[PDB]
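Here you get one chain, nothing else, as structure tokens; it is the form deposited in one PDB entry.
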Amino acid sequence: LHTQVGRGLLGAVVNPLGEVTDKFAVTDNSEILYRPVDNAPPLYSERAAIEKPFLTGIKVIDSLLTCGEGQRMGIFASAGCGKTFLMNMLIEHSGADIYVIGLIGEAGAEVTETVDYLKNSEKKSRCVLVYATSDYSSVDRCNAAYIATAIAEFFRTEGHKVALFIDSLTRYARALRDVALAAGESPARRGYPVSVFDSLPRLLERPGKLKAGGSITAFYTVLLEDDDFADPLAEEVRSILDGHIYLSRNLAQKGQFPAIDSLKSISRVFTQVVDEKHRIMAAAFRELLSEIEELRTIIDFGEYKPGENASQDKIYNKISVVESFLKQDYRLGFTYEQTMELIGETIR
């Protein structure tokens, strides 16, 4: 019910008991304090409206899905869609003060993958990793999510621009269902006034930007089933968050990385965090993508023949510059100016 927080956790790997078990960076600060893990969500009069962008360095996100400081964004993906590499990019190419990762995963190998990434990351001195492997109980799996959030909330109270990653809500929620069973609850017969299942919306409302403090911008991964179908957990989470990035198994098969399907993704704060000329270019690019998709299915239907339709020929000759804009080397980050300069070149 209480855990370690503070700048002394920067560079540390924390287990579901609040224990430091490993380090991927050593830092100057030794500050170690104690805060409750079941912190209340910000009262409505304390939240500030999302109006400043959280730049990610990822071309398609910053142009078409622009995030905001304090926003909660879902990442929806099937296995093998580069979810982890997208998270790595979001850490490496954004500009947060402090990154807090909560791995609610299954394999010890998964945690070490992330530790090894952090060990060679330019951001190692400002990240904290919290983990729970498959060995741990459902209670410990859940507490890992609560510990990552509490650590991030401390840094927010200090005034920091914090980015929080929970991977995954799927395994958190499934562990939470197990904990509910210990209390005698099922999703159809819930306890009252306190249900174990209420920890899910409570966990998701803690991010945001405080009027009197910093911000927590949160990315929650949701693991999709077969042909990218969304189970009830995925649909419930889609309605609570402030947007979602959809990773398409169909874009991944084709060698597009990041496998973000822009037309099935959205940032609900988009128009609040970019200016008019950005909005205009984004709208023009999305229509170009929609026209490209329309030409892809005409091609698959065997209906495209060059020189028949000058409009189709122009859309066809745009496919290569559009694909080049979308794709991104995972070691590469782009400034906002570079991204808007590139996208403008694409729609001319």
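All residue numbers are counted from 1 along the displayed sequence.
Just so it is clear, the following notes concern the form deposited with a small molecule bound, a form of the same protein that is not shown.
- Partner proximity in the deposited complex, defined as non-hydrogen atoms within 4.5 angstroms of the small molecule, places exactly one of 251-259, 269-277, 236-244, 151-159 at the interface: 251-259.
- Although the partner is absent here, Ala180 is not a contact residue: none of its heavy atoms lies within 4.5 angstroms of the small molecule in the deposited complex.
- The small molecule is not drawn, but in the deposited complex it has no heavy atom within 4.5 Å of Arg126.
- The small molecule in the deposited complex is approached by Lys83, whose closest heavy atom lies within 4.5 angstroms of it.
- Proximity of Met89 to the small molecule in the deposited complex falls within the 4.5 Å heavy atom cutoff.
- The listed set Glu110, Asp198, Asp97, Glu205 contains one residue whose heavy atoms approach the small molecule in the deposited complex to within 4.5 Å, identified as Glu110.
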